[PDB]
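# Structure at a glance
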Amino acid sequence: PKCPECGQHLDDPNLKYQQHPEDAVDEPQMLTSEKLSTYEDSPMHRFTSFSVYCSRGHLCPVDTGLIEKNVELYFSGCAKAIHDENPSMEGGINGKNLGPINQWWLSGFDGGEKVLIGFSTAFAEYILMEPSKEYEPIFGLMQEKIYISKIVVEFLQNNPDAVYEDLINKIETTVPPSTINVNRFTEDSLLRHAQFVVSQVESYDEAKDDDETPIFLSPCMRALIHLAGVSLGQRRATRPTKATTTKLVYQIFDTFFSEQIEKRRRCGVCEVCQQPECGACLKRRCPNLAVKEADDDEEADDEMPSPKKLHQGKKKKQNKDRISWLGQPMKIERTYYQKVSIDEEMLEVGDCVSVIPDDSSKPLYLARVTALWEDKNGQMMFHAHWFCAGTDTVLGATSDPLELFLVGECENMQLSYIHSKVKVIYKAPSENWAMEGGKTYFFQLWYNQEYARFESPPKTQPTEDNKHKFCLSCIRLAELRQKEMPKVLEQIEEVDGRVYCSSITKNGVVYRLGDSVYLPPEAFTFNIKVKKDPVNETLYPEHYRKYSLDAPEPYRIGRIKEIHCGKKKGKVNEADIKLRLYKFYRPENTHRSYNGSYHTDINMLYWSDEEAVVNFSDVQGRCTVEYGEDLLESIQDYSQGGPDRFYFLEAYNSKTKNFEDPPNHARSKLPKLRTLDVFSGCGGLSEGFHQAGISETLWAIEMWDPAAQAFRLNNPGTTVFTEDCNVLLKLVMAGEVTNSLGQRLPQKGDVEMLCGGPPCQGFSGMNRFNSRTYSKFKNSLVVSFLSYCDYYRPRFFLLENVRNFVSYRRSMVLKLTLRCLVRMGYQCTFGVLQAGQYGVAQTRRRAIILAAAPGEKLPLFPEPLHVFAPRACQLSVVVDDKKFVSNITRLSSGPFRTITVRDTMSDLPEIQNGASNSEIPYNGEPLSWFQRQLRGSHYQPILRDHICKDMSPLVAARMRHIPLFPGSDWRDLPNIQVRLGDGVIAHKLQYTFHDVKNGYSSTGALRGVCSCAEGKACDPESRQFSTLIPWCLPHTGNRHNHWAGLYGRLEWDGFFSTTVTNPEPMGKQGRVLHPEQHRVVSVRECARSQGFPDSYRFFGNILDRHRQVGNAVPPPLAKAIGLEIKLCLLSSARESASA
Ligand SMILES: Nc1ncnc2c1ncn2[C@@H]1O[C@H](CSCC[C@H](N)C(=O)O)[C@@H](O)[C@H]1O
Ligand SMILES: [Zn+2]
Ligand SMILES: [Zn+2]
Ligand SMILES: [Zn+2]
Ligand SMILES: [Zn+2]
C-alpha cells in the first residue's frame, strides 16, 4: 500500500499522520484575526509549530518536488505577527488545512547568516519558524540541505574559479551548528544533496543578477554536475580591480580595446527552455547549453604542416622611363656592382624600397636595397633583402601598422620591380635604455618565423671585400649551411678507396677519435632474447567497465674507433662519413634488463668489445664516456660537473653474461643575476635557477602568507615581500625607499632578472575575447607583471604559465604579451616544455615566455634530457593557423631513461591514512638514483612532510579495497558491506534498473543504478549514499568514459597525472592513491614528484603544503631553463671581452 496523493508506502515505519490543534480555523478565517496586519501585496506573516501534509494526512516533505508534480500540499500550525520573533506558540492563531502550497521559497544568501523559508498560498505569504514535534524530522533533512546550499553559495560568491577539491575542502571543514544534527559534512553528503545544492545555486544567479558570471558555472560546480548526474533547470527560490601599470603597458592594452573590440544551441527539453519571456525581462538562457559552452571554452586544439615562407610570392614590374647608373662601379665579379642608380630620382645602396605585388593578398612588399649591379646580359639588377610587416609576425593585429621586422628573406630582382623609395628608421635603444621605464615606417628586431624569436639585429659588419654585396639574410644562411655541413677536419692516411680520419664536424660539434657518440635505438643491436579467466560479477558488479603511446629507448652509446667514410671522384665524399664504434651497454640492455634500471645510476654504462658501423648522419650529438677507476674527482662530482657525462666501471661479456674489468684501450666565474621572483610561492622556480648557479633571489613577492613563509626557510638572504605585487609596484612608482614593515624595496638597476608565474583566472578561456573577458585580462596579473618588466628593465625575463596560456583567448593573451615586450624593445620568444622530459615522474606541460634585453642574447629552450611518452610531448603551438615550434630537436629520443613513481618514492617509510607526524626517520637508505640525488650525498636524519591527509571512514574503507595490480581504480571495488569502524555501515549498491546500453551481468544481474539507465528521467530516492562503490560513478559512468581511474593507484612504472595540489580520489587531479598503501599521496611524495630535494622546507597546514608544492615550478625544469640562460651569459661575457 502507498498514497494516491503523495505516494508514501503505508508499511514505511517512518510515516506520520496529521495531528491538529483545537482553535485551528481554516486559512481565510485565521487571516482575518487582529493579531495580524516588504514592498509587496500579501500579507506577510510568521508561522510556527508547522506541519506539511498531503490531501489524506501524510506528513510530506516539500523539497521532493510534489508541489511541482501538481500534488496539493496543505499546512497547519500557529501563525504570528510579521514582527513576532518568538517561536513559542503564544501570540498567534492556529490554522488548519491552510491553502494548497502555490510554491515555497528561500531568502538568505549574502550578508545574512539567517536563511528564511517561506510558503506562498492562494491568500498569503508565510515565513516559517519552528516545526511541530511530529514534523521536526522531515524539516530536519530539508534544513540540512539548505545549509550545504548556503555554504556552497556563500563560498562561491567569495571564490569563483574554485576547483572541485576546494569545494570538497570548504564543505568538509565547515563546522555546522547544533541546530543541524550532522557532526560535519562530507563529499558523500554534497553528492547525496547534489541536485538540491545545484538547483539552489542556479536560482541564486537567476535571482541576484549582475552582468557577472553565474556561480553555477564555476569549475567545482560543473565538476559536481558531471560527477553526480544532476538535472539542470529545476530552479525556485528568489527573495573594480586595476593593474598597477606604467604609461607604456597601459597604452598597449588601452589601444587594443579602442581598436579590435566588437560583439544559440538551446537544449529545448529543459524547465528553463520551457518558459517565456524577455524584451518581460532580459534572461531566459538555458543552463545545459551554458555548461557545454563553459566546458568547451576550457579545451584547446593540439598534426599541422610547416608555415609558408613570406614573399614567395609574386611581385609585378612597373616603369619604362629612364633607369641609368650613377658614378664609377664599386667592384666587379659576370656581374658589375654600382653604388647609385637613377630611376628619374636618386637611389643609393642601403636605401629602402617598396614593391607593388599582384592584386590578391595585398600588403605592399618592403625591402632593403642590399646591392646594385649589371649582369652579363646587360640587365640592371638589385638585391632586395625583405622586411616583415608587424601583422605578418606572430603578433598580428597587436602590432604597430608602421613597425617592420628584419627577416631571412632576400632575392635578386630587376630594377623594374621597384615602386618607390621609402623612409625606414632603426628605433635603436637609448644609451640608458634600462632607466627608460615610465609618421613613417620603423624597425627594431630580427624575426625568425620557424621559432617565433624576436631578436636584436646582428650589427654587422661590412668588410671591404663585401661592402657592396652586404646582405645579412645571405650571411645568416651561409653560417647556417656551414654548421649543418658534415666536414672532415684532419685525415690520417687513406685505404681501399676510403680515407681514415682523426677529426670530423657538424652542427657546431667537433668529433675526434675516442670521443663518444649518441645514436637512435635503431642504429645498432645487442645480443637479444625471447589468457584472462572468469571474474565473480556479484562481488565485482562494476569490473565489466574495465574494458570497455609509451616512452622510447634512450640514445644508443658508442665510442669512436674509426672514421673511414667514402670518396667522390678526386676528394672525400662528405655524404659518406661512416663510423666504427665500440657498443656501450646500459644496465637495462644487459640480461638484468628492468632490474638494471632500478638502483643503478641514471648515467652508468658497461663497456663492450662489441662493434658497429654507422653513418655520421645518424649521430645525434657527442657525450663523455669515461672510466671511473681513473678519475680526478668522485663519480658524483664528475657526473654533476657538466652535460652529457656518463661512466663505466666494468665490462659486459655479452657471451658469458659476466663482468670482467675493462680492456686497457678503453682507458684514458658565472655571474649570478640579482633576481626578483614575482608570485614566488614556496620558491620552486627560484630553486632551479639557484641550482643553475646563474642567479640569487634578493626580492620575492608572495601575497599568500604560508608560501612566502616557506620561501624564507629555503632562501634566508631574500627580502620576501608578503604583499600584492600591485601595491609593491605602486610604492616604487611613488618613489618609496622602504615598505610599512621596513624592508628595502627593489629599485631600477637593482633587478638583473625578472621571473614569475602570474595566475591567469578571470579570462583563462579559449573563445574570442569580449567586453567582459578583455576587462579581466586588461587588469590581469599578466599586465601587472609586464609593468614590472617595463619599469625595472631586467637583462632577463621569464613568465611561466599553464600550457594553455599559449592558446588562451584565440591566442590573444600571448600575442599581446609578445607585443608589450617588442614595444619596450626587448628580444623575446615563447615555447612549451614537458617537465617529465627534464627528470620528473609527472606529466606537466608549461607555457614559457623568454625575454632578454637588447645587448644580452635570447636564450634557447633546453634540450629534453629524459625519454617520455610521445602523447605527453606535444610542444607545437598553432597561432592564427600557423604552427610555431622551439629550437628543441630531441623530439623523440633523449640521453637518459624515464624517471618513474618507483624512482620518485620507492624509499619512503610506510605511513597510514591520516599521517600527522611532520618529522620522522627514513628507517632506510635511498634506493633509486633519483632518490640518492634529492636525499643528497650529505646525510639527513629527519624525513620531512611525509604527512598524508586524513580521509573519511568511508573513503578510507574504499582505498583498503582498491587492489594493488597496476592501473586499478573504483571499477575493482567489491560490492560488500564494510563496517565503517564507527557505528556507521557502508552498505551494498542495490542494482534495480536495466542498463539498456551495458546489458546484463554474467550472473544475469541488472547493471542499472538509476531510472535514467533505462532512458527515463532520473528518479530521486533511487540515489544511494555511503556505498563502497560510489553510486555516482555508475550513475554517470557511460557519459564520462567509465570514470577513467577515479580511486586509482599510481603505477610504480607510471607518472603523476599532473601537479597535485589537493589529493582527492574523485578529483580532477588524476590518480592520487599510493601504489601499495591504503592512502592518498603524502606532501613529500608530491614534493618528490616535483623533484624537490628532501631538505626543501614547507610551511602551514597539510593542505597549504600540498598547494605550495603543486603550485611550484619543478626545480629540474627551472634548472634546465636556467642552464640555457647560463650559456647566454658566458657567451655574452667572452663577447664583451675584446680590445
Ligand atoms: N596578486 C598577487 N600578488 C603577489 N602574489 C600573488 C598574487 N596572487 C597570487 N599570488 C601568488 O601566486 C603564486 C602562483 S604559484 C608560483 C609558482 C612559483 N614561481 C614556484 O616555482 O613555486 C601563488 O603562490 C600565490 O599565492
Ligand atoms: Zn499521502
Ligand atoms: Zn535548456
Ligand atoms: Zn641576401
Ligand atoms: Zn539517473
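Residues numbered from 1 in each chain as written, not as in the entry; some residues may be left out. Chains lettered and ligands numbered in written order. Heavy atoms only, no water.

The chain appears in the PDB entry as DNA (cytosine-5)-methyltransferase 1 from Mus musculus. According to the record, the entry carries the title "Crystal structure of mouse DNA methyltransferase 1 with AdoHcy". The annotation that UniProt attaches to the chain under Catalytic activity is "a 2'-deoxycytidine in DNA + S-adenosyl-L-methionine = a 5-methyl-2'-deoxycytidine in DNA + S-adenosyl-L-homocysteine + H(+)". In the Sequence similarities part of its UniProt record, the chain is described as follows: "Belongs to the class I-like SAM-binding methyltransferase superfamily. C5-methyltransferase family." (UniProt positions renumbered as here; feature names shortened; annotations may be inferred.)

## Section: the overall build of the chain
Within the chain, the regular secondary structure consists of 22 helices and 44 strands. Each of the three principal axes of the chain carries a C-alpha extent, and together these read 120 × 85 × 65 Å. A total of 1139 residues make up the chain; the buried ones form 53% of that total. Taken together, the 136 basic and 143 acidic charged side chains of the chain have centroids lying 5 Å from each other. (Helix = DSSP H or I, 4+ residues; strand = E, 2+ residues; numbered from the N terminus. Buried < 20%, exposed > 50% of the residue type's maximum accessible area, 1.4 Å probe, protein only. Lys, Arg positive; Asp, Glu negative; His and termini not counted. Charge placed at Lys NZ, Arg CZ, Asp CG, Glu CD.)

## A look at the coordination of the zinc ion (ligand 2)
Around the zinc ion (ligand 2), the protein contributes the donor atoms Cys 3 (SG), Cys 6 (SG), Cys 54 (SG) and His 58 (ND1), which lie 2.0 to 2.5 Å from the metal centre. Coordination at the zinc ion (ligand 2) is tetrahedral, judged from the 4 donor atoms that bind it and the angles of 85 to 125° they form at the metal. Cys 6 carries the same exposure label as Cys 3, and that label is buried. (Donors = N, O, S within 2.8 Å, 3.2 Å for Na, K, Ca; no water. Tetrahedral: all angles 85-135°; square planar, octahedral: opposite > 155°, others 65-115°.)

## What about the sheet that holds strand β21 (residues 501-506)?
Overall, antiparallel pairing links the 3 strands, which are arranged β20-β21-β22 in an open sheet. Here the strands that pair on one side only, and so sit at the sheet edges, are β20 (487-491) and β22 (509-512). For this sheet, the mean inter-axis angle between neighbouring strands, taken without regard to orientation, is 20°. Both β21 and β22 contribute to a ladder of 4 bridges, which runs antiparallel. (Pairing = 2+ DSSP bridges. Axes fitted to C-alpha atoms, helices over the stretch in contact; angles between N-to-C directions.)

## Thoughts on the sheet that holds strand β8 (residues 323-326)
With respect to topology, 3 strands assemble into an open sheet ordered β8-β10-β11, the strand pairing being antiparallel. A strand with exactly one partner marks an edge of an open sheet, and here the two such strands are β8 and β11 (345-348). On average, each strand axis in the sheet is inclined to that of its neighbour by 30°, with strand direction left out of account. Pairing geometry for β8 and strand β10 (residues 340-343), over 4 bridges, is antiparallel.

## What about the site of ligand 1?
The environment of ligand 1 is made up of 21 residues, and the closest members are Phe 679, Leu 685, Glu 702, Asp 724 and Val 1113. Taking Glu 702, its side chain carries an N or O atom lying 2.7 Å from an oxygen atom of ligand 1. Coverage of ligand 1 by the protein chains reaches 89% of its 590 Å² of free accessible surface. For the shell around ligand 1, the per-class residue count stands at 11 nonpolar, 6 polar and 4 charged. (Near = heavy atom within 4 Å. Polar contact = N/O pair within 3.5 Å; in protein donor to acceptor, adjacent residues only side chain to side chain. Areas by Shrake-Rupley, 256 points an atom, 1.4 Å probe, with all protein chains shown as cover. Nonpolar A, V, L, I, M, F, W, Y, C, P; charged D, E, K, R; others polar.)

## Considerations on the coordination of the zinc ion (ligand 5)
Summarising the metal site, the zinc ion (ligand 5) is bound by the protein donors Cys 1010 (SG), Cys 1012 (SG), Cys 1018 (SG) and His 1035 (NE2), whose distances to it range over 2.0 to 2.3 Å. In this structure, the zinc ion (ligand 5) is surrounded by 4 donor atoms whose angles at the metal cover 100 to 119°, and the resulting shape is tetrahedral. Donor residues for the zinc ion (ligand 5), ordered by position in the chain, follow C-x1-C-x5-C-x16-H. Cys 1010 sits in the buried class, given a relative accessible area of 2%. Note on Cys 1012: relative accessible area 28%, which makes it partly exposed.

## Digging into unusual backbone geometry
Omega for the bond connecting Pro 276 with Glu 277 falls within 30 degrees of zero, at -5°, which places this linkage in the cis form. Of note, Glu 277 is situated in the loop between α6 (247-257) and α7 (287-296). In the segment running from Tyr 547 into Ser 548, the intervening peptide bond is cis, with an omega of 0°. Tracing the backbone shows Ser 548 in the loop between β23 (516-519) and β24 (556-562). One non-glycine residue, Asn 97, adopts positive backbone phi at about 30°. Note that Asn 97 resides in strand β4 (residues 93-98). The class of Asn 97 is partly exposed, set by a relative accessible area of 41%. The backbone of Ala 1044 sits at a positive phi, close to 20°, despite the residue not being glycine. The exposed category is assigned to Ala 1044, whose relative accessible area is 51%.

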